[PDB]
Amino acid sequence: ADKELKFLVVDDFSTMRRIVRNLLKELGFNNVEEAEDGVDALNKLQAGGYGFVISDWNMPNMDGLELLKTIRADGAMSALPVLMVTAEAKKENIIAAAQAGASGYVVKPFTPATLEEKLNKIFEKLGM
């Protein structure tokens, strides 16, 4: 994928945002911004230019599933890739995420190799 691809990393835990941003740096993606919940995320996305979202599942104000649904219903962002991150895999959340249009779902903490693999599989099915 274009290494200038602009990511938005969404998590209420500033520490995890830092970690994910650094994992992306380790993969050659330097163009990354952060958001602290689903509402903040939408405010940042409105500026345009974003090509990928990585979002935590449980957040106050607007959670990850609601963010995903809002993204998917939007004209401009309808096809914006969204990778959902969760502290623990729950079969019901996986289904809900998939049927709501999630591009993928990963359990944290994850290694750089795992993130790379998730992103690459998403890039490959979307032709990025």
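All residue numbers refer to positions in the sequence shown, first residue = 1.
S.K.: Read off the CA B-factors in the entry, average them over 48 to 56 and over 68 to 76, and name the higher stretch.
M.R.: The entry gives the higher C-alpha B-factor average to 68 to 76.
S.K.: Which has the highest CA B-factor per the PDB entry: 32, 27, 35, 100?
M.R.: Out of 32, 27, 35, 100, the record gives the largest C-alpha B-factor to 27.
S.K.: Relative to the other modelled residues of the same chain, rank the CA B-factor of residue 23 and answer lowest, middle or highest third.
M.R.: For residue 23, the deposited C-alpha B-factor lands in the highest third.
S.K.: If you rank the chain by CA B-factor, which third does residue 125 end up in: lowest, middle or highest?
M.R.: For residue 125, the deposited C-alpha B-factor lands in the lowest third.
S.K.: Lowest, middle or highest third: where is residue 87 by Cα B-factor in its chain?
M.R.: Its C-alpha B-factor belongs to the highest third of this chain's values.
S.K.: When the deposited Cα B-factors of this chain's modelled residues are ordered and cut into thirds, is residue 42 in the lowest, the middle or the highest one?
M.R.: Lowest third of the chain for residue 42's C-alpha B-factor.
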